[PDB]
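One chain follows as structure tokens, the form deposited in one PDB entry.
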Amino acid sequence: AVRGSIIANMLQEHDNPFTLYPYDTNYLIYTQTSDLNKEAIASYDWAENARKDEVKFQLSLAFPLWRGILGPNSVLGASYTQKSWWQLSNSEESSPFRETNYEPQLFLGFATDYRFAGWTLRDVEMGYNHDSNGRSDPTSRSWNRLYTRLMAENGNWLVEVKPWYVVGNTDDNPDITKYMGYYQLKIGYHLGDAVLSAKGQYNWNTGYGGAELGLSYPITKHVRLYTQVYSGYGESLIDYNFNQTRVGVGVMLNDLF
């Protein structure tokens, strides 16, 4: 099984072609942010009527496009991660979607067994990443990245570093790196069935960045109760240059491990 190993899990053959693979965590939580970015979203006719409380969900899947492309424990894959901010409560505005970030990937991942004094580098993935909100300017936001995802585990600990390199156009948000940084650290801790996690980015040169803490616990064998506390810049593309503290509670399928 090897909990948390995205690649190793994709190597596992699925009986049914419709049985997809989880890339990142999948959740749906009701949130409430400290401050709503009404300035960057001003062009919307519901902007001034926007509420700080909204349903935030994340859909993240992986599709092994070709196993063994580069060795027994390798795989060329594609993943899809979508984070959405929805004004479900805002009935006066017909519950509009404030923001949706479409982040598909293409990569070469490997399930590894490298020893790091207790730690084990289980995943070594390298690929292309596209992240856009599918909006037509002025609210147009998008960036491309060539990254490397490294994941190691040590007992109840999980650490994943995702350094990246921006490729292509970024005119929709030229200074996106000024808030997002050059990597994404991710720490998960297994306290029995409870999973504490941390996911953040930080620009050591600009002092900008953001991070999100999370706690989960199984409600059942498949679903889990999840509480998230995001704080900082880059929650979503539109708010990449916007600071805010968002706390939310809801359900989750899979956690980082």
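Heads up: residue numbers just count along the shown sequence, starting at 1.
Chemist: For the C-alpha atoms alone, is the average B factor greater in 8-16 or in 244-252, going by the entry?
Modeler: The stretch with the larger mean CA B-factor is 8-16.
Chemist: Is the mean CA B factor in the deposited entry higher across 114-122 or across 155-163?
Modeler: It is 114-122.
Chemist: If you compare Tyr189, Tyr217, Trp204, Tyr27, which has the highest Cα B-factor in the entry?
Modeler: Result of the comparison over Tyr189, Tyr217, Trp204, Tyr27: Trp204.
Chemist: Per the PDB entry, which option out of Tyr230, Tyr44, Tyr226, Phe57 has the greatest Cα B factor?
Modeler: By C-alpha B-factor in the record, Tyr44 ranks first.
Chemist: For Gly210, return the chain-relative third of its C-alpha B-factor as stated in the PDB record: lowest, middle or highest.
Modeler: Lowest third, going by the recorded CA B-factors of the chain.
Chemist: For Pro138, return the chain-relative third of its C-alpha B-factor as stated in the PDB record: lowest, middle or highest.
Modeler: Tercile = highest for this residue's CA B-factor.
Chemist: Taking the entry's C-alpha B-factors for this chain, is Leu146 in the lowest, middle or highest third?
Modeler: Ranked within chain, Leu146 CA B lands in the middle tercile.
Chemist: Should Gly68 be placed in the lowest, middle or highest third of its chain by the C-alpha B factor in the entry?
Modeler: It belongs to the middle third of the chain when residues are ordered by C-alpha B-factor.
Chemist: Split into thirds by Cα B-factor across the chain's modelled residues, where does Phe107 land: lowest, middle or highest?
Modeler: Lowest third - that is where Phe107 ends up once the chain's C-alpha B-factors are sorted.
Only in words, not in the display: the form solved in complex with a partner chain, which the text now covers.
Chemist: Though the partner chain is not shown, can you say which of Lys83, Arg149, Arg145, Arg141 has a heavy atom within 4.5 Å of it in the entry with it bound?
Modeler: Selected residue: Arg149.
Chemist: Taking heavy atoms and a 4.5 Å cut-off, does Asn90 contact the partner chain in the entry with it bound?
Modeler: Close contact is absent here: in the entry with it bound, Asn90 is far from the partner chain, nothing within 4.5 Å, heavy atoms only.
Chemist: Does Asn73 reach the partner chain in the entry with it bound if we count a contact as any heavy atom within 4.5 Å?
Modeler: Within the cut-off, so yes.
Chemist: Would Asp123 show up as a contact with the partner chain in the entry with it bound if we use heavy atoms at 4.5 Å?
Modeler: Yes, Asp123 is a contact residue.
Chemist: Is the gap between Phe242 and the partner chain in the entry with it bound 4.5 Å or less for some heavy atom pair?
Modeler: No, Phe242 stays farther than 4.5 Å from the partner chain in the entry with it bound.
Chemist: Quick one: which of 91-99, 149-157, 168-176, 132-140 gets within 4.5 Å of the partner chain in the entry with it bound, going by heavy atoms?
Modeler: Heavy-atom contact with the partner occurs in 149-157.
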